[PDB]
Protein chains: 2
Amino acid sequence: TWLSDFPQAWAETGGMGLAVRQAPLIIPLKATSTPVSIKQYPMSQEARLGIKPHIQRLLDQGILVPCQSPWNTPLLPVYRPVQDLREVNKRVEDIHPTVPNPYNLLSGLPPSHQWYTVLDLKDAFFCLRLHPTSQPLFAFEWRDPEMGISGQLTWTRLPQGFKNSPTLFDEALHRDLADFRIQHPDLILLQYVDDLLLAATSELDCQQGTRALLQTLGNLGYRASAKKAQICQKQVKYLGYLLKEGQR
Amino acid sequence: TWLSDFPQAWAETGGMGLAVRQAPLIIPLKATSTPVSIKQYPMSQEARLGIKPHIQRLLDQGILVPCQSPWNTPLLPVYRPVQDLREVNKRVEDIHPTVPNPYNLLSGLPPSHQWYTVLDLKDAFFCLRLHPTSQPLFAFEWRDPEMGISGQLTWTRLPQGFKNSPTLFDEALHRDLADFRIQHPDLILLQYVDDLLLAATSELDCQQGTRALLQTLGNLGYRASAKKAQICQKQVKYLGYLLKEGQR
DNA sequence: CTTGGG
DNA sequence: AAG
DNA sequence: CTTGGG
DNA sequence: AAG
(Lines give C-alpha, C1' and ligand atoms only; values in the text may rest on other atoms or scores of the structure.)
Protein backbone atom coordinates (compact mmCIF):
# COMPACT_ATOMS: atom_id res chain seq x y z
CA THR A 1 0.00 0.00 0.00
CA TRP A 2 0.98 3.67 -0.30
CA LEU A 3 1.09 3.86 3.50
CA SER A 4 3.50 0.94 3.89
CA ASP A 5 5.70 1.50 0.82
CA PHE A 6 6.85 4.95 2.05
CA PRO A 7 6.77 5.06 5.86
CA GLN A 8 9.28 7.92 6.03
CA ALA A 9 7.24 10.18 3.71
CA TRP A 10 3.97 10.19 5.71
CA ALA A 11 3.41 12.28 8.83
CA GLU A 12 1.41 9.37 10.28
CA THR A 13 4.44 7.07 10.29
CA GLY A 14 7.57 9.15 9.69
CA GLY A 15 7.72 11.33 12.78
CA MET A 16 8.11 15.10 12.81
CA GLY A 17 9.86 16.46 9.75
CA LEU A 18 13.11 18.39 9.54
CA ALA A 19 14.49 19.68 6.22
CA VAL A 20 18.03 18.38 6.63
CA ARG A 21 19.46 19.99 3.47
CA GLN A 22 18.27 23.53 4.30
CA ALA A 23 20.55 25.78 6.29
CA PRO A 24 18.98 27.30 9.43
CA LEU A 25 17.33 30.54 8.39
CA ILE A 26 18.66 33.94 9.41
CA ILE A 27 15.94 36.60 9.54
CA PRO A 28 17.34 40.07 8.68
CA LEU A 29 15.88 43.01 10.57
CA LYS A 30 15.06 46.42 9.14
CA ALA A 31 17.88 48.91 9.41
CA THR A 32 16.31 50.88 12.28
CA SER A 33 14.70 48.04 14.27
CA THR A 34 15.23 47.41 17.98
CA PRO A 35 13.58 44.69 20.10
CA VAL A 36 10.03 45.13 21.29
CA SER A 37 8.81 43.39 24.47
CA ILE A 38 5.03 43.25 24.76
CA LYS A 39 3.68 42.00 28.07
CA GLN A 40 1.56 38.84 27.97
CA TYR A 41 -2.15 39.55 28.45
CA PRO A 42 -3.41 37.54 31.43
CA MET A 43 -5.04 34.39 30.15
CA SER A 44 -7.82 32.37 31.74
CA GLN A 45 -7.16 28.99 33.28
CA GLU A 46 -9.43 27.42 30.68
CA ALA A 47 -7.29 28.82 27.86
CA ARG A 48 -4.04 27.90 29.62
CA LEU A 49 -5.16 24.30 30.17
CA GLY A 50 -6.21 24.17 26.52
CA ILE A 51 -2.84 25.47 25.27
CA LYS A 52 -0.63 23.51 27.68
CA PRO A 53 -0.58 20.10 25.91
CA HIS A 54 0.45 21.77 22.65
CA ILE A 55 3.32 23.62 24.33
CA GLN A 56 4.45 20.45 26.04
CA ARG A 57 4.40 18.50 22.77
CA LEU A 58 6.42 21.23 21.03
CA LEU A 59 8.90 21.29 23.93
CA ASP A 60 9.27 17.51 23.72
CA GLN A 61 9.91 17.78 19.97
CA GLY A 62 12.53 20.54 20.47
CA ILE A 63 10.45 22.96 18.39
CA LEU A 64 10.10 25.21 21.43
CA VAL A 65 13.03 25.86 23.79
CA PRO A 66 13.44 28.02 26.88
CA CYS A 67 15.14 31.35 26.36
CA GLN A 68 15.76 34.82 27.72
CA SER A 69 15.09 37.39 25.01
CA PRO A 70 14.60 41.18 24.78
CA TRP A 71 11.83 40.38 22.30
CA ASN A 72 8.44 39.22 23.48
CA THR A 73 5.08 38.93 21.78
CA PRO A 74 1.80 37.71 23.27
CA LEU A 75 -0.13 34.49 22.88
CA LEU A 76 -3.82 35.02 22.19
CA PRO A 77 -5.81 34.45 25.42
CA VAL A 78 -8.86 33.06 23.58
CA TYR A 79 -7.75 25.79 21.89
CA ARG A 80 -4.32 25.96 20.25
CA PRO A 81 -1.82 28.79 20.73
CA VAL A 82 -1.74 31.70 18.30
CA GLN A 83 1.11 34.18 18.65
CA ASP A 84 0.52 37.82 17.71
CA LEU A 85 3.72 38.51 15.79
CA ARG A 86 2.56 41.76 14.18
CA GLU A 87 5.10 43.88 16.09
CA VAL A 88 7.93 41.54 15.05
CA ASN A 89 6.66 41.53 11.47
CA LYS A 90 6.89 45.34 11.38
CA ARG A 91 10.58 45.17 12.33
CA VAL A 92 11.67 42.41 9.93
CA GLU A 93 13.01 43.41 6.52
CA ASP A 94 10.58 42.79 3.69
CA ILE A 95 11.31 40.16 1.04
CA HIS A 96 9.95 39.90 -2.51
CA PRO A 97 6.72 37.86 -2.51
CA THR A 98 7.57 34.92 -4.80
CA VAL A 99 4.64 32.58 -4.12
CA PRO A 100 2.46 32.68 -7.28
CA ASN A 101 -1.26 33.22 -6.94
CA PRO A 102 -3.29 30.02 -7.48
CA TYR A 103 -4.89 31.28 -10.71
CA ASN A 104 -1.49 31.81 -12.34
CA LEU A 105 -0.04 28.63 -10.83
CA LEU A 106 -2.79 26.51 -12.41
CA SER A 107 -2.20 28.01 -15.87
CA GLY A 108 0.93 25.82 -15.96
CA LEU A 109 -1.24 22.68 -16.13
CA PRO A 110 -1.52 21.60 -19.80
CA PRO A 111 -4.30 19.30 -21.09
CA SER A 112 -1.87 16.47 -21.92
CA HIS A 113 -1.46 15.75 -18.18
CA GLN A 114 -4.72 14.45 -16.70
CA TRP A 115 -3.60 12.02 -13.98
CA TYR A 116 -3.07 13.85 -10.68
CA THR A 117 -1.58 13.32 -7.24
CA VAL A 118 -2.20 15.97 -4.58
CA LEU A 119 -0.08 16.00 -1.42
CA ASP A 120 -0.34 18.34 1.57
CA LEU A 121 2.77 18.70 3.72
CA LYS A 122 2.11 18.47 7.44
CA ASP A 123 3.64 21.02 9.80
CA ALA A 124 5.59 22.39 6.85
CA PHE A 125 6.97 25.56 8.43
CA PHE A 126 8.26 23.54 11.37
CA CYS A 127 10.44 21.50 9.00
CA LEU A 128 12.66 24.56 8.45
CA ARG A 129 15.17 25.40 11.16
CA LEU A 130 15.80 28.94 12.44
CA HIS A 131 19.35 30.03 13.05
CA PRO A 132 20.07 30.51 16.78
CA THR A 133 20.77 34.21 16.12
CA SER A 134 17.20 34.64 14.83
CA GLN A 135 15.42 32.47 17.42
CA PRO A 136 15.16 35.23 20.10
CA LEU A 137 12.99 37.32 17.73
CA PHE A 138 9.99 35.08 18.27
CA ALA A 139 9.99 34.62 22.06
CA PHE A 140 6.82 34.56 24.15
CA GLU A 141 6.07 34.06 27.83
CA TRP A 142 4.90 30.75 29.29
CA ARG A 143 3.84 30.46 32.92
CA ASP A 144 2.69 27.23 34.58
CA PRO A 145 1.13 28.53 37.83
CA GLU A 146 0.59 25.08 39.37
CA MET A 147 4.13 24.01 38.39
CA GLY A 148 6.12 27.20 39.03
CA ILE A 149 7.76 27.86 35.64
CA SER A 150 7.45 31.49 34.51
CA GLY A 151 9.89 32.34 31.75
CA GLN A 152 10.09 32.69 27.98
CA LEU A 153 10.08 30.09 25.25
CA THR A 154 10.96 30.55 21.64
CA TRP A 155 10.83 28.70 18.33
CA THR A 156 13.68 26.72 16.79
CA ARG A 157 11.77 26.37 13.50
CA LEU A 158 10.05 28.79 11.15
CA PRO A 159 6.96 30.01 13.08
CA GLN A 160 3.32 30.40 12.25
CA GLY A 161 2.22 34.02 12.06
CA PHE A 162 5.56 35.31 10.76
CA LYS A 163 5.01 37.38 7.64
CA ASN A 164 7.76 35.73 5.58
CA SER A 165 7.12 32.09 6.49
CA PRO A 166 5.04 31.15 3.40
CA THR A 167 7.58 32.68 1.02
CA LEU A 168 10.62 31.25 2.79
CA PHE A 169 9.06 27.81 2.89
CA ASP A 170 8.05 27.91 -0.77
CA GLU A 171 11.58 28.94 -1.76
CA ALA A 172 13.16 26.24 0.41
CA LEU A 173 10.99 23.50 -1.05
CA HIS A 174 11.74 24.73 -4.58
CA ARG A 175 15.46 24.34 -3.84
CA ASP A 176 14.87 20.87 -2.42
CA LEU A 177 12.74 19.66 -5.37
CA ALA A 178 14.87 21.22 -8.11
CA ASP A 179 16.67 17.95 -8.80
CA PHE A 180 13.43 15.95 -8.81
CA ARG A 181 12.12 18.20 -11.59
CA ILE A 182 15.31 17.55 -13.57
CA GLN A 183 15.06 13.77 -13.14
CA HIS A 184 11.37 13.73 -14.22
CA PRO A 185 10.97 16.15 -17.13
CA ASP A 186 7.76 14.40 -18.25
CA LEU A 187 6.00 15.35 -14.99
CA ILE A 188 4.34 18.63 -14.01
CA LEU A 189 4.86 19.63 -10.39
CA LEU A 190 2.93 22.61 -9.03
CA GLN A 191 3.99 23.98 -5.63
CA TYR A 192 1.90 26.36 -3.52
CA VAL A 193 3.74 26.56 -0.19
CA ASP A 194 2.75 23.25 1.43
CA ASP A 195 0.25 22.12 -1.25
CA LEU A 196 1.69 20.02 -4.09
CA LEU A 197 0.15 18.79 -7.34
CA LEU A 198 1.90 16.21 -9.50
CA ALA A 199 0.50 15.65 -13.00
CA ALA A 200 1.32 12.91 -15.51
CA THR A 201 0.13 11.72 -18.90
CA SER A 202 -0.89 8.23 -17.71
CA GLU A 203 -1.87 6.30 -14.62
CA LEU A 204 1.43 4.39 -14.78
CA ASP A 205 3.57 7.53 -15.03
CA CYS A 206 1.59 9.13 -12.21
CA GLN A 207 2.16 6.03 -10.07
CA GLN A 208 5.89 5.97 -10.75
CA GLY A 209 6.27 9.72 -10.27
CA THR A 210 4.32 9.64 -7.01
CA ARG A 211 6.56 6.86 -5.71
CA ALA A 212 9.58 8.97 -6.66
CA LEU A 213 8.13 12.14 -5.13
CA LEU A 214 7.21 10.46 -1.84
CA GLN A 215 10.66 8.86 -1.65
CA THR A 216 12.31 12.22 -2.32
CA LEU A 217 10.15 14.19 0.13
CA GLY A 218 10.68 11.68 2.93
CA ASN A 219 14.43 11.55 2.35
CA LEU A 220 14.65 15.37 2.41
CA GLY A 221 12.77 15.46 5.73
CA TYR A 222 9.30 16.62 4.68
CA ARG A 223 6.12 14.79 5.68
CA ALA A 224 2.87 14.49 3.74
CA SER A 225 -0.59 13.85 5.21
CA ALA A 226 -1.57 10.26 4.38
CA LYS A 227 -5.18 10.93 5.29
CA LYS A 228 -5.55 13.91 2.93
CA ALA A 229 -3.52 12.55 0.00
CA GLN A 230 -5.27 12.15 -3.36
CA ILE A 231 -3.14 9.63 -5.23
CA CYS A 232 -3.28 8.95 -8.98
CA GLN A 233 -6.76 10.36 -9.59
CA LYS A 234 -8.26 11.66 -12.80
CA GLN A 235 -10.12 14.21 -10.64
CA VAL A 236 -8.75 16.04 -7.57
CA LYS A 237 -9.36 19.06 -5.35
CA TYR A 238 -6.38 21.46 -5.38
CA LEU A 239 -6.25 25.02 -4.00
CA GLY A 240 -10.04 25.36 -3.89
CA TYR A 241 -10.51 24.14 -7.46
CA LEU A 242 -11.97 20.85 -8.56
CA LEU A 243 -9.72 19.64 -11.37
CA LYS A 244 -11.65 17.40 -13.74
CA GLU A 245 -11.44 16.76 -17.51
CA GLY A 246 -8.83 19.50 -17.80
CA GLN A 247 -11.29 22.10 -16.55
CA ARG A 248 -10.87 24.73 -13.85
CA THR B 1 -28.04 115.13 -7.08
CA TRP B 2 -28.07 111.59 -8.47
CA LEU B 3 -31.34 110.97 -6.62
CA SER B 4 -33.12 113.98 -8.13
CA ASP B 5 -31.64 113.90 -11.65
CA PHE B 6 -33.07 110.42 -12.37
CA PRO B 7 -36.25 109.87 -10.34
CA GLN B 8 -37.54 107.18 -12.70
CA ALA B 9 -34.35 105.07 -12.44
CA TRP B 10 -34.33 104.62 -8.63
CA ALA B 11 -36.54 102.17 -6.77
CA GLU B 12 -36.90 104.76 -4.00
CA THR B 13 -38.65 107.23 -6.30
CA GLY B 14 -39.66 105.43 -9.49
CA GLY B 15 -42.22 102.93 -8.26
CA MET B 16 -42.22 99.22 -9.01
CA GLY B 17 -40.46 98.33 -12.23
CA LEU B 18 -41.88 96.64 -15.31
CA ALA B 19 -39.70 95.83 -18.35
CA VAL B 20 -42.00 97.29 -20.99
CA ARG B 21 -39.98 96.14 -24.02
CA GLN B 22 -39.83 92.47 -22.99
CA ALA B 23 -42.58 90.14 -24.14
CA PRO B 24 -44.31 88.19 -21.35
CA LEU B 25 -42.36 84.99 -20.85
CA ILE B 26 -43.71 81.58 -21.84
CA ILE B 27 -42.22 78.76 -19.77
CA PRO B 28 -42.01 75.50 -21.79
CA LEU B 29 -42.65 72.28 -19.90
CA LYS B 30 -40.80 69.01 -20.34
CA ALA B 31 -42.36 66.69 -22.87
CA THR B 32 -43.84 64.32 -20.27
CA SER B 33 -44.85 66.80 -17.56
CA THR B 34 -48.31 67.05 -16.00
CA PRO B 35 -49.41 69.39 -13.20
CA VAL B 36 -48.52 68.60 -9.63
CA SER B 37 -50.68 69.89 -6.75
CA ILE B 38 -48.94 69.76 -3.38
CA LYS B 39 -51.11 70.54 -0.37
CA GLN B 40 -50.11 73.55 1.72
CA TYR B 41 -48.52 72.56 5.04
CA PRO B 42 -50.50 74.14 7.88
CA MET B 43 -48.76 77.30 8.95
CA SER B 44 -48.77 78.95 12.36
CA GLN B 45 -50.64 82.16 12.98
CA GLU B 46 -47.33 83.88 13.73
CA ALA B 47 -45.98 82.94 10.31
CA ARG B 48 -49.25 83.86 8.56
CA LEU B 49 -49.35 87.29 10.20
CA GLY B 50 -45.71 87.77 9.22
CA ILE B 51 -46.35 86.83 5.57
CA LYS B 52 -49.68 88.65 5.16
CA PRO B 53 -48.42 92.23 4.59
CA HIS B 54 -46.09 91.01 1.83
CA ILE B 55 -48.91 89.16 0.07
CA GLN B 56 -51.16 92.19 0.36
CA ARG B 57 -48.48 94.48 -1.08
CA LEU B 58 -47.90 92.10 -4.00
CA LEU B 59 -51.66 91.87 -4.60
CA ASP B 60 -51.92 95.66 -4.60
CA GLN B 61 -49.06 95.86 -7.12
CA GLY B 62 -50.69 93.24 -9.39
CA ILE B 63 -47.69 90.94 -8.98
CA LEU B 64 -49.93 88.34 -7.36
CA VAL B 65 -53.44 87.62 -8.69
CA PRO B 66 -56.14 85.15 -7.68
CA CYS B 67 -56.38 82.02 -9.77
CA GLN B 68 -57.64 78.46 -9.98
CA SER B 69 -54.83 76.18 -11.11
CA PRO B 70 -54.14 72.42 -11.24
CA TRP B 71 -50.62 73.31 -10.09
CA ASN B 72 -49.91 74.11 -6.48
CA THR B 73 -46.72 74.38 -4.47
CA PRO B 74 -46.33 75.22 -0.79
CA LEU B 75 -45.19 78.33 1.01
CA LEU B 76 -42.62 77.65 3.72
CA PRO B 77 -44.35 77.73 7.14
CA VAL B 78 -41.26 79.12 8.94
CA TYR B 79 -40.87 86.59 7.94
CA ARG B 80 -41.28 86.83 4.16
CA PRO B 81 -42.83 84.13 1.96
CA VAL B 82 -40.63 81.52 0.31
CA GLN B 83 -42.27 79.20 -2.20
CA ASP B 84 -40.93 75.66 -2.60
CA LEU B 85 -40.95 75.39 -6.39
CA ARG B 86 -38.77 72.28 -6.61
CA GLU B 87 -41.59 70.12 -8.01
CA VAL B 88 -42.35 72.74 -10.68
CA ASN B 89 -38.65 73.07 -11.46
CA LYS B 90 -38.45 69.32 -12.13
CA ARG B 91 -41.22 69.61 -14.75
CA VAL B 92 -39.93 72.68 -16.61
CA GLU B 93 -37.69 72.16 -19.63
CA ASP B 94 -34.04 72.95 -18.96
CA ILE B 95 -32.35 75.90 -20.65
CA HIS B 96 -28.65 76.48 -21.32
CA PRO B 97 -27.06 78.30 -18.35
CA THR B 98 -25.76 81.52 -19.93
CA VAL B 99 -24.93 83.58 -16.83
CA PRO B 100 -21.11 83.70 -16.63
CA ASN B 101 -19.40 82.89 -13.36
CA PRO B 102 -18.07 85.99 -11.56
CA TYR B 103 -14.41 85.01 -12.02
CA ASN B 104 -14.79 84.89 -15.81
CA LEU B 105 -17.03 87.96 -15.89
CA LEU B 106 -14.38 90.07 -14.15
CA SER B 107 -11.67 89.01 -16.61
CA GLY B 108 -13.38 91.39 -19.06
CA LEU B 109 -12.29 94.38 -16.95
CA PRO B 110 -9.09 95.85 -18.50
CA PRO B 111 -6.68 98.10 -16.56
CA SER B 112 -7.44 101.16 -18.73
CA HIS B 113 -10.87 101.47 -17.05
CA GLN B 114 -10.48 102.39 -13.38
CA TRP B 115 -13.54 104.56 -12.64
CA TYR B 116 -16.50 102.41 -11.58
CA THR B 117 -20.23 102.64 -11.00
CA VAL B 118 -21.99 99.67 -9.40
CA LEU B 119 -25.79 99.41 -9.55
CA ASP B 120 -28.03 96.74 -8.04
CA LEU B 121 -31.47 96.34 -9.60
CA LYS B 122 -34.29 96.10 -7.09
CA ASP B 123 -36.94 93.40 -7.45
CA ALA B 124 -35.38 92.51 -10.79
CA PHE B 125 -37.24 89.27 -11.50
CA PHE B 126 -40.54 91.02 -10.83
CA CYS B 127 -39.81 93.45 -13.69
CA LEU B 128 -40.32 90.62 -16.19
CA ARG B 129 -43.89 89.64 -17.00
CA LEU B 130 -45.08 86.02 -17.28
CA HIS B 131 -47.40 85.10 -20.10
CA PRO B 132 -50.91 84.24 -18.82
CA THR B 133 -50.49 80.69 -20.17
CA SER B 134 -47.49 80.19 -17.87
CA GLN B 135 -48.88 81.93 -14.77
CA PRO B 136 -50.84 78.88 -13.47
CA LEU B 137 -47.56 76.94 -13.10
CA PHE B 138 -46.57 78.91 -10.02
CA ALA B 139 -49.81 78.93 -8.01
CA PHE B 140 -49.92 78.55 -4.23
CA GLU B 141 -52.67 78.59 -1.63
CA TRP B 142 -53.50 81.63 0.49
CA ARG B 143 -56.04 81.44 3.31
CA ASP B 144 -57.04 84.39 5.51
CA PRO B 145 -58.89 82.64 8.38
CA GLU B 146 -60.13 85.85 10.02
CA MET B 147 -61.23 87.24 6.64
CA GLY B 148 -62.62 84.13 4.92
CA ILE B 149 -60.57 83.97 1.69
CA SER B 150 -59.22 80.47 0.96
CA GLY B 151 -58.12 80.10 -2.64
CA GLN B 152 -55.01 80.18 -4.80
CA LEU B 153 -52.85 83.07 -5.92
CA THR B 154 -50.22 83.08 -8.58
CA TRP B 155 -47.47 85.28 -9.99
CA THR B 156 -47.79 87.60 -12.98
CA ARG B 157 -44.01 88.20 -13.02
CA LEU B 158 -40.97 85.95 -13.07
CA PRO B 159 -40.90 84.33 -9.57
CA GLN B 160 -38.25 83.81 -6.97
CA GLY B 161 -37.28 80.17 -6.55
CA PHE B 162 -37.86 79.25 -10.20
CA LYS B 163 -34.79 77.51 -11.58
CA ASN B 164 -34.61 79.55 -14.80
CA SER B 165 -35.27 83.02 -13.37
CA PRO B 166 -31.61 84.17 -13.11
CA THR B 167 -30.83 83.09 -16.66
CA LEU B 168 -34.03 84.49 -18.16
CA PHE B 169 -33.51 87.80 -16.40
CA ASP B 170 -29.87 88.05 -17.45
CA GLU B 171 -30.83 87.36 -21.07
CA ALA B 172 -33.67 89.89 -20.98
CA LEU B 173 -31.46 92.64 -19.59
CA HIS B 174 -28.79 91.86 -22.19
CA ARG B 175 -31.40 92.40 -24.92
CA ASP B 176 -32.51 95.65 -23.29
CA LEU B 177 -28.96 97.04 -22.88
CA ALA B 178 -27.67 95.94 -26.28
CA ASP B 179 -28.24 99.37 -27.80
CA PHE B 180 -26.65 101.15 -24.82
CA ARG B 181 -23.46 99.16 -25.42
CA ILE B 182 -23.50 100.22 -29.08
CA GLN B 183 -23.97 103.90 -28.21
CA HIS B 184 -21.12 103.84 -25.64
CA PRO B 185 -18.29 101.74 -27.09
CA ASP B 186 -15.76 103.40 -24.75
CA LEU B 187 -17.53 101.97 -21.67
CA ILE B 188 -17.28 98.51 -20.13
CA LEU B 189 -20.56 97.14 -18.80
CA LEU B 190 -20.50 93.91 -16.80
CA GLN B 191 -23.86 92.23 -16.09
CA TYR B 192 -24.39 89.50 -13.49
CA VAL B 193 -28.18 89.05 -13.34
CA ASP B 194 -29.23 92.08 -11.30
CA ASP B 195 -25.71 93.35 -10.43
CA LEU B 196 -24.20 95.84 -12.90
CA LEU B 197 -20.71 97.33 -13.14
CA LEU B 198 -19.96 100.25 -15.44
CA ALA B 199 -16.30 101.11 -16.01
CA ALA B 200 -14.78 104.16 -17.70
CA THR B 201 -11.35 105.65 -18.31
CA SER B 202 -12.04 108.91 -16.45
CA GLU B 203 -14.27 110.41 -13.79
CA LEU B 204 -15.99 112.54 -16.45
CA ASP B 205 -16.71 109.59 -18.75
CA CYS B 206 -17.95 107.55 -15.79
CA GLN B 207 -20.26 110.42 -14.81
CA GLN B 208 -21.66 110.79 -18.32
CA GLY B 209 -22.03 107.04 -18.82
CA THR B 210 -23.77 106.63 -15.46
CA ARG B 211 -26.23 109.39 -16.37
CA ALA B 212 -26.88 107.59 -19.66
CA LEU B 213 -27.21 104.18 -17.99
CA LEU B 214 -29.62 105.42 -15.32
CA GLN B 215 -31.70 107.20 -17.96
CA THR B 216 -31.79 104.05 -20.09
CA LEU B 217 -32.60 101.68 -17.21
CA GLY B 218 -35.41 103.88 -15.92
CA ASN B 219 -36.90 104.31 -19.39
CA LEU B 220 -36.83 100.54 -19.97
CA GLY B 221 -38.66 99.95 -16.67
CA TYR B 222 -35.86 98.71 -14.40
CA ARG B 223 -35.14 100.20 -10.98
CA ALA B 224 -31.81 100.52 -9.20
CA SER B 225 -31.27 100.77 -5.43
CA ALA B 226 -30.27 104.36 -4.64
CA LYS B 227 -29.10 103.36 -1.18
CA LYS B 228 -26.71 100.65 -2.42
CA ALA B 229 -25.39 102.46 -5.51
CA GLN B 230 -21.65 103.12 -5.72
CA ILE B 231 -21.34 105.97 -8.21
CA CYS B 232 -18.13 107.06 -9.97
CA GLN B 233 -15.70 105.51 -7.49
CA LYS B 234 -12.10 104.49 -8.03
CA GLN B 235 -12.79 101.60 -5.63
CA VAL B 236 -15.99 99.52 -5.40
CA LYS B 237 -17.37 96.24 -4.07
CA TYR B 238 -18.76 94.06 -6.89
CA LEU B 239 -19.77 90.38 -6.68
CA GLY B 240 -17.85 89.79 -3.45
CA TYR B 241 -14.65 91.37 -4.77
CA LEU B 242 -13.16 94.66 -3.73
CA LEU B 243 -12.04 96.33 -6.96
CA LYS B 244 -9.15 98.69 -6.30
CA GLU B 245 -6.11 99.76 -8.36
CA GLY B 246 -7.07 97.24 -11.04
CA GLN B 247 -6.66 94.37 -8.59
CA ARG B 248 -9.01 91.48 -7.85
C1' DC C 1 -6.11 40.16 23.24
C1' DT C 2 -4.97 44.55 19.97
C1' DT C 3 -5.05 46.82 15.46
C1' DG C 4 -5.60 48.95 11.27
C1' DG C 5 -16.44 51.71 4.00
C1' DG C 6 -21.46 53.09 4.57
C1' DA D 1 -10.35 39.65 9.79
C1' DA D 2 -5.96 39.18 11.16
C1' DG D 3 -1.83 37.68 14.14
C1' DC E 1 -41.97 72.29 5.62
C1' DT E 2 -39.53 68.38 2.46
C1' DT E 3 -35.52 66.63 -0.06
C1' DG E 4 -31.54 64.97 -2.01
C1' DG E 5 -19.50 62.36 3.08
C1' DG E 6 -17.24 60.61 7.48
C1' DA F 1 -28.37 74.05 2.29
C1' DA F 2 -31.88 74.64 -0.67
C1' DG F 3 -36.67 76.05 -2.44
Side-chain angles (χ1 to χ4, degrees), chain A residues 27 36-51 54-55 64 71-92 94 97 125-126 137-143 153-155 157-169 193, chain B residues 27 36-51 54-55 64 71-92 94 97 125-126 137-143 153-155 157-169 193:
Chain A
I27 308 306
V36 56
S37 181
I38 308 177
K39 190 150 109 93
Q40 173 65 52
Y41 320 124
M43 154 209 307
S44 75
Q45 181 181 277
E46 163 190 1
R48 183 183 68 81
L49 292 171
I51 291 172
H54 301 280
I55 301 302
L64 286 175
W71 302 83
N72 197 82
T73 44
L75 294 191
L76 288 196
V78 216
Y79 274 113
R80 171 135 92 200
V82 171
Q83 188 172 5
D84 180 0
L85 283 171
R86 279 167 312 152
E87 278 311 307
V88 163
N89 285 341
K90 291 178 183 177
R91 287 163 171 84
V92 166
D94 292 290
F125 295 171
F126 290 168
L137 244 180
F138 303 104
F140 60 94
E141 185 188 18
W142 186 245
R143 65 251 197 154
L153 304 170
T154 197
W155 303 91
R157 315 287 181 89
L158 193 64
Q160 285 288 330
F162 171 48
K163 67 170 177 190
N164 293 343
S165 288
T167 297
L168 292 168
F169 181 86
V193 195
Chain B
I27 308 306
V36 56
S37 181
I38 308 177
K39 190 150 109 93
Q40 173 65 52
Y41 320 124
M43 154 209 307
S44 75
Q45 181 181 277
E46 163 190 1
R48 183 183 68 81
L49 292 171
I51 291 172
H54 301 280
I55 301 302
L64 286 175
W71 302 83
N72 197 82
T73 44
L75 294 191
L76 288 196
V78 216
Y79 274 113
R80 171 135 92 200
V82 171
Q83 188 172 5
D84 180 0
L85 283 171
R86 279 167 312 152
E87 278 311 307
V88 163
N89 285 341
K90 291 178 183 177
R91 287 163 171 84
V92 166
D94 292 290
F125 295 171
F126 290 168
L137 244 180
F138 303 104
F140 60 94
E141 185 188 18
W142 186 245
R143 65 251 197 154
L153 304 170
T154 197
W155 303 91
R157 315 287 181 89
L158 193 64
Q160 285 288 330
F162 171 48
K163 67 170 177 190
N164 293 343
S165 288
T167 297
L168 292 168
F169 181 86
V193 195

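Each chain gets a letter, A, B and so on, in the order its sequence line appears, and its residues count up from 1. Note that these values count all heavy atoms, side chains included, but never hydrogens, waters or copies made by symmetry.
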Taking [atom1] from [X] and [atom2] from [N], how many angstroms apart are they, rounded to a whole number?
| X | N | atom1 | atom2 | answer |
| --- | --- | --- | --- | --- |
| A:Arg80 | C:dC1 | CZ | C1' | 19 Å |
| A:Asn72 | C:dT2 | CG | P | 16 Å |
| A:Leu75 | C:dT2 | CG | P | 15 Å |
| B:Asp84 | E:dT3 | CG | P | 9 Å |
| A:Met43 | C:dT2 | CE | P | 13 Å |
| A:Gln40 | D:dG3 | CD | P | 18 Å |
| B:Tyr79 | E:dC1 | OH | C1' | 12 Å |
| B:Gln83 | E:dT2 | CD | P | 17 Å |

For B:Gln160, which residues count as a side chain to side chain donor-acceptor pair (under 3.5 Å) partner, sequence neighbours excluded? none
Residue pairs passing the salt bridge (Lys or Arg N to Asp or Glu O under 4.0 Å) test where at least one lies in residues 40-51 of chain B, sequence neighbours excluded: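 Of all non-adjacent pairs touching residues 40-51 of chain B, those that pass salt bridge (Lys or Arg N to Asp or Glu O under 4.0 Å) are B:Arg48-B:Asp144, B:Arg48-B:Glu146.
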In terms of ring plane angle, is the pair A:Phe126 and A:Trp155 parallel, tilted or perpendicular, where the classes change at 30° and 60°?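 Correct class here is parallel.
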Which of these nucleotides, [options], is closest to any side-chain atom of [X]?
| X | options | result |
| --- | --- | --- |
| A:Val78 | D:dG3, E:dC1, C:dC1 | C:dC1 |
| A:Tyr41 | F:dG3, C:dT2, E:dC1 | C:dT2 |
| B:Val82 | D:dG3, E:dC1, F:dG3 | F:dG3 |
| A:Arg86 | C:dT3, E:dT3, E:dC1 | C:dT3 |

Measuring from B:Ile27:CD1 to B:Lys163:NZ, what's the distance to the nearest 0.5 Å? 10.5 Å
Name the nucleic acid region contacted by B:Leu76, choosing base, sugar-phosphate or nothing; use a 4.0 angstrom heavy-atom cut-off, strictly under. base
